[PDB]
Amino acid sequence: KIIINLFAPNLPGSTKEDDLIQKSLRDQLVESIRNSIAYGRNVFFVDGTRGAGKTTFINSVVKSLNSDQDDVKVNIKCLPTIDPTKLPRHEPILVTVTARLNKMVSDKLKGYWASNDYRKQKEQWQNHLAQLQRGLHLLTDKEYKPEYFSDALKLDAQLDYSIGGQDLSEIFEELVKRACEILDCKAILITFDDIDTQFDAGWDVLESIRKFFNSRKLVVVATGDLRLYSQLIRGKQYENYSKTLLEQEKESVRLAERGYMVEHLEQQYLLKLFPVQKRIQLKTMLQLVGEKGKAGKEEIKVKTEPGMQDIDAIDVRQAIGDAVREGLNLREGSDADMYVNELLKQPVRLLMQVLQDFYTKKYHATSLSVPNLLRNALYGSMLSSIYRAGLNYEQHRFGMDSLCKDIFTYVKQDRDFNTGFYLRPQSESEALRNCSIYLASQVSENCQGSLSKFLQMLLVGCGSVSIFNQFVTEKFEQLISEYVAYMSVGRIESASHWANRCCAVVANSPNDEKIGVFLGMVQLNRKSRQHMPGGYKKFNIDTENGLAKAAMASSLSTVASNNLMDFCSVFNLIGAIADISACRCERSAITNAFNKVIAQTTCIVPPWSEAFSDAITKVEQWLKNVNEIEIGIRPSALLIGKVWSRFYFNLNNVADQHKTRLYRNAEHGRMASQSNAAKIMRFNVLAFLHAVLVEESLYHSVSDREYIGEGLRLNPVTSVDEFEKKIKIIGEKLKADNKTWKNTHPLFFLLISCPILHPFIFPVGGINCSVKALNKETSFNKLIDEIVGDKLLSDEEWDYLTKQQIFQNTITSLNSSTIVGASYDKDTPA
Amino acid sequence: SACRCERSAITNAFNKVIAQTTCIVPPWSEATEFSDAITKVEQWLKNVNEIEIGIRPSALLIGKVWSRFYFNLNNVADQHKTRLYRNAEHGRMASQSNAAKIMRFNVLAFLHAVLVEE
Ligand SMILES: Nc1ncnc2c1ncn2[C@@H]1O[C@H](COP(=O)(O)OP(=O)(O)OP(=O)(O)O)[C@@H](O)[C@H]1O
């Protein structure tokens, strides 16, 4: 069968039978050639984009035809294939054809046995050759001369030409007729190679075909791309127009009619050289192997490691499949197959080199890092798309600071700020679709087994795209230039720095009635307002005693302006876990790492504005299990996109529902219809936990079967039931195979034991408790207890929130804190 | 309708549409119970591969079916808008249009548009 050997050279001249992919067209084209002679210009065309295998295809037809010339009644002799790009820049195609035709005639005359016949045929052959030579100047002249007139009137020729004068077509027509008699063939096959290397040379081929190869004894088969031929023919019809006419008739009404004529000039020029019934299109691998199932009459296999037989080959869809699936850390489904179908649409030359590079590097490793292996192949084939788009070419600059830069520019050219961070190859241009998988390999390799810096993709790489789309808005390019520089895109030193910076960006937005509850953050008040009712006092920082003191310390993000304002956000919590996990494995280093995130970090308003010893022992316990599980994390590129998509949507749901529940008195209470400054931030970390948990069950590589069930994807807003039920269902499903939880949700498993997020999940006044909601909370705690090994809060610690010691396992002061822009006038209803 | 014929891939498209996809404003502007439910979904999918195989769809009818559908909604949104009266809930009468009377006459729109130009 058709088996591709990636260690065979795979060259047009190195292809043998059972290696040809277009075996059907090689068979089909041959009889159509013979039938056109067995029964005027007779020209066949083989269309296909560059890299489809046109040169490999065109030699096979010549090779097959020469094999059994004698057996068939009609005899066809084939010239050696002519490559117009390799010929001299000024050598006419008529000279090249005659020189190759002369060789076959000369070699056949030396095979003659009768001296009487050899002398007669050779004399007639050189008679025609001497007349082409006498007329070759007509092909190449810068001017005419009256001395040529005596040659045109030179009718004293022994041979007969029907047309008077010095006609090059008649001389070549009789020369071909003579060559057919000498070679004893019914027709001669002139074969042309691709012009895609340099399509300016294709005009000489096209002009020679119509001017000279009009004989009934000539068959012409040409290859190339009809678009490239079209771009070449159209450019010559413009040269037929008077140059001065093109500026004096520059009106759009007349310009739209010159283009109409040239389109008609171009339309029939193609139709008269290459008849549609004589055309043959080279099909791509996606049109050969098809989708799952048969989906195609041609089956193609491939060899992956040397020492193969024919039995142990692999389907090319599978070979591109496993390479994409294992390389990009994907799992079987639409996403892992959408990429494969994108590679099957690429040219075969590009497809083979991606396949060949991968499976020769892979065999080197066995004498692993499959994402390193694939990214080597993908990077090495998409340079032109990578360069044109504006990506990074340096392997030393394979850093996530630049990876955020390209993503912002990738979606800027993609103009898709909603799904552009997905990196799916759905881009309009193939150049952007080629970069999509390359960028996908960057996320699947650089962020491979790195629980720290993958959130920087979620927080800077894909996060900044969402923030730029809504709250921000050539001057637009200059405006983009201001945002990309000020926001520190490409200059990222810490995730919290971006988190600090974005709090000053998402704040600048018009909100209904001007309530300082923005997307994912609450604008805490740095002042004190009179007549503040209830047990809700000013935001006190000293009241936070213990671990909970550092929880909001990172969360607070002061902004320097004419009126300084502070924000507590979930991004700073996301910034903390990224930077804290970006440290060593020693207690001394992690202690030296906390000061970076708990210190008073502060950013500045953008110009485009008109305005804990015991904790560290638990922190290292988290990191004691991080490295045991961090090395097993294989996150797909779209997995960060899928997780962030739910995250960005959850914050809008939370910032909308909770904003209108900041009533006057008794907001903690018992009802869920009233919220406080800590209730909003309670679900923000819960949203992040939910966003990580949901899509990771669906779209992670280390977890094959989904563990949510066929339920509904409702995000927790104002209620913890949504987050509770999914974990409850998870335990039952894992019991069937006795599966663990550390490897089922490694991103979520290690986001549960994080001591930074522990205070923010159970605020004292930010909690929603009720008699019917306690049945949800009694399951909210019965599941997290088992997965970790103990309970984050004891019975007395947990019971205090539901219904007198101040403890650091929960927030203490943010619950009563006021929010800027929230006037406490209307009391809570019931 | 663009799915497999087994019992597994049906849920893949089924559960996909359950989640309300995120959507942001375009920049051009100024600013159990499902185990047997999927069987009925697969029951209709057992038909999509059983009837339309012998259809002969032209390209004129697709626009014709859509054009009838498009114009029909332009009348529903013009007449049901004023019929949001005080007692429009549970619209046993005709002029009492609830959020379902404005909705029910949008799915019969698809059924009607695939019969006039069918
Ligand atoms: N039948 C085939 N079997 C195996 N590999 C093939 C086949 N056809 C094409 N290829 C692969 O695709 C590459 C491109 O093929 P080829 O050079 O013949 O086509 P082309 O790019 O259209 O031609 P040209 O070199 O004239 O521009 C080959 O080098 C080879 O790697």
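Residues numbered from 1 in each chain as written, not as in the entry; some residues may be left out. Chains lettered and ligands numbered in written order. Part of a larger assembly, values for the part shown. Heavy atoms only, no water.

- As recorded in the PDB header, cryo-EM is the method behind this entry, and the stated resolution is 3.03 Å.

### Focus on the overall build of chain A
So, step 1. When helices and strands are tallied, chain A shows 33 helices and 13 strands.
So, step 2. In terms of overall dimensions, chain A is more spread out than a globule: its C-alpha atoms have a radius of gyration of 37 Å, far above the 28 Å expected for 830 residues.
So, step 3. Across its three principal axes, chain A shows a C-alpha extent of roughly 125 × 70 × 50 Å.
So, step 4. Put simply, chain A has 830 residues, and 53% of those count as buried.
So, step 5. Accessible surface for chain A amounts to roughly 38900 Å². Of this, 50% is attributable to carbon and sulfur atoms.
So, step 6. Where the 102 positive side-chain charges of chain A centre and where its 100 negative ones centre are 0 Å apart. (Helix = DSSP H or I, 4+ residues; strand = E, 2+ residues; numbered from the N terminus. Rg over C-alpha atoms; globule rule 2.2 N^0.38 Å. Buried < 20%, exposed > 50% of the residue type's maximum accessible area, 1.4 Å probe, protein only. Areas by Shrake-Rupley, 256 points an atom, 1.4 Å probe, with all protein chains shown as cover. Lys, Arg positive; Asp, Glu negative; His and termini not counted. Charge placed at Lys NZ, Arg CZ, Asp CG, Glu CD.)

### Let's talk about the interface of chain B and chain A
Buried accessible area, meaning the area lost when the parts come together, often serves as the stated size of an interface.
So, step 1. Taken together, the contacts link 13 residues of chain B with eight residues of chain A.
So, step 2. Overall, the association of chain B and chain A removes approximately 1100 Å² of surface from exposure, summing both partners, and the carbon and sulfur fraction of that is 57%.
So, step 3. Sorting the residues of chain B by area buried against chain A places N15(B), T22(B) and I24(B) first, and these three jointly supply 45% of that buried surface.
So, step 4. On the surface where chain B and chain A come into contact, there are zero salt bridges.
So, step 5. Of all elements in the fold, only α1 (9–18) and α2 (35–48) of chain B reach the threshold of two or more residues within the side of chain B that touches chain A.
So, step 6. Residue classes in the side of chain B that touches chain A are distributed as seven nonpolar, six polar and no charged. (Contact = heavy atoms within 4.5 Å. Buried area = accessible area lost by both parts, 1.4 Å probe. Salt bridge = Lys/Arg side-chain N within 4 Å of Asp/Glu carboxyl O. Nonpolar A, V, L, I, M, F, W, Y, C, P; charged D, E, K, R; others polar.)

### Focus: the packing of aromatic side chains
Residues and elements named next belong to chain A.
So, step 1. As enumerated under the stated definition, the model contains 31 aromatic pairs over all chains in all.
So, step 2. On the numbers, 5.7 Å between centres and 40° between planes, the contact of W644 with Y648 is tilted. Of this pair, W644 and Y648 both sit in helix α27 (residues 637–657), separated by four residues, roughly a single helical turn. Note on accessibility: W644 and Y648 belong to one class, buried.
So, step 3. Both rings, one in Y800 and one in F807, keep their centres 5.8 Å apart while their planes meet at 75°; by these two values the pair is edge-to-face.
So, step 4. Ring-pair connections join several aromatic residues into one group, and the members of that group are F408, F417, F468, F476 and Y483.
So, step 5. It is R424 that lies over the ring of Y422; its NZ or CZ is 4.6 Å from the centre.
So, step 6. The aromatic ring of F749 is capped on one face by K742, whose charged end is 5.8 Å from the ring centroid. (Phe/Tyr/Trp six-rings, centres within 6.5 Å; stacked < 30°, edge-to-face > 60°. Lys NZ or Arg CZ within 6 Å of the ring centre and 35° of its normal.)

### Looking at the sheet that holds strand β8 (residues 314–315) of chain A
So, step 1. Taking strand neighbours across the sheet as the criterion, the three strands line up as β1-β7-β8 (chain A) in an open arrangement whose pairing is mixed. Sheet topology places β1 (2–5) and β8 of chain A at the edges, where each strand pairs with a single neighbour. (Pairing = 2+ DSSP bridges.)

### Notes on the pairing of strand β5 (residues 218–224) of chain A
Residue and element names in this part refer to chain A.
So, step 1. Across the seven residues that make up β5, a large majority, seven, are buried.
So, step 2. Neither face of β5 is left uncovered, since the one carrying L218, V220, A222 and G224 and the one carrying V219, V221 and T223 both have all their residues buried.
So, step 3. The sheet contact formed by strand β2 (residues 43–47) and β5 spans five bridges and is parallel. Bridge pairing in β5 places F44 opposite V221.
So, step 4. Pairing of strand β4 (residues 187–191) with β5 involves four bridges; the strand directions are parallel. From the neighbouring strand, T191 faces β5, where its bridge partner is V221.
So, step 5. You can see the chain leave β4, run along helix α7 (residues 202–211) and come back into β5, and the turn it takes is right-handed. (Right-handed = clockwise from strand over helix to strand, strands pointing away.)

### Focus on the pairing of β1(A)
Residue and element names in this part refer to chain A.
So, step 1. The alternating pattern of β1 places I2 and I4 on one face and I3 and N5 on the opposite face, and all of these are buried.
So, step 2. Here β1 runs beside strand β7 (residues 300–303); their pairing, made up of four bridges, is parallel. Bridge pairing links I2 to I300 in β7.

### Description of the environment of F748(A)
Residue and element names in this part refer to chain A.
So, step 1. Secondary-structure assignment places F748 in helix α30 (residues 746–749).
So, step 2. The sequence separation of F748 and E696 amounts to 52 residues, and the corresponding C-alpha distance is 8.4 Å.
So, step 3. The residues contacting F748, other than those within four sequence positions of it, are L689, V692, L693, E696, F723 and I727.

### What about the site of the ligand?
All names here are of chain A.
So, step 1. Taken together, the neighbourhood of the ligand is formed by 15 residues, with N10, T55, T56, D194 and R349 sitting nearest.
So, step 2. Within the contact set of the ligand, an oxygen atom lies 3.0 Å away from a backbone nitrogen or oxygen of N10.
So, step 3. For the ligand, an oxygen atom lies 2.5 Å from a polar atom in the side chain of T56.
So, step 4. Among the elements of the structure, α2 (54–67) and α14 (348–366) are those that each provide at least two residues to the shell around the ligand.
So, step 5. The element contributing the most residues to the shell around the ligand is α2, with three residues. (Near = heavy atom within 4 Å. Polar contact = N/O pair within 3.5 Å; in protein donor to acceptor, adjacent residues only side chain to side chain.)

### Brief notes about the nonpolar core
All names here are of chain A.
So, step 1. Counting 181 residues, the largest nonpolar core has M285 and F760 as its most contacted members.
So, step 2. Here this core gets 12 residues from one element, more than from any other, and that element is helix α28 (residues 677–698).
So, step 3. Those residues in contact with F760 that sit more than four places away from it in its chain are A551, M552, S555, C568, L573, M681, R682, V685, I811 and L814.
So, step 4. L94, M104, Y229 and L273 belong to the second largest nonpolar core, which has 46 residues in total. (Core = buried A, V, L, I, M, F, W, Y, C linked by side-chain atoms within 4.5 Å.)

### Concerning the sheet that holds strand β10 (residues 521–522) of chain A
All names here are of chain A.
So, step 1. If you walk across this open sheet you meet the three strands as β9-β10-β12, and the pairing is antiparallel. This sheet does not close on itself; its edge strands, each paired only once, are β9 (517–518) and β12 (568–569).
So, step 2. Bridge count for β9 against β10 is two bridges, and the pairing is antiparallel. Within β10, the position partnered with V517 by the bridge is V522.

### Observations regarding unusual backbone geometry
Residue and element names in this part refer to chain A.
So, step 1. Here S369, not a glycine, exhibits a phi torsion of approximately 60°, which is positive.
So, step 2. Its place among the elements puts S369 in the loop between α14 and α15 (370–379).
So, step 3. The phi dihedral of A666 falls on the positive side, at around 60°, and the residue is not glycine.
So, step 4. Residue placement: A666 occurs in the loop between α27 and α28.

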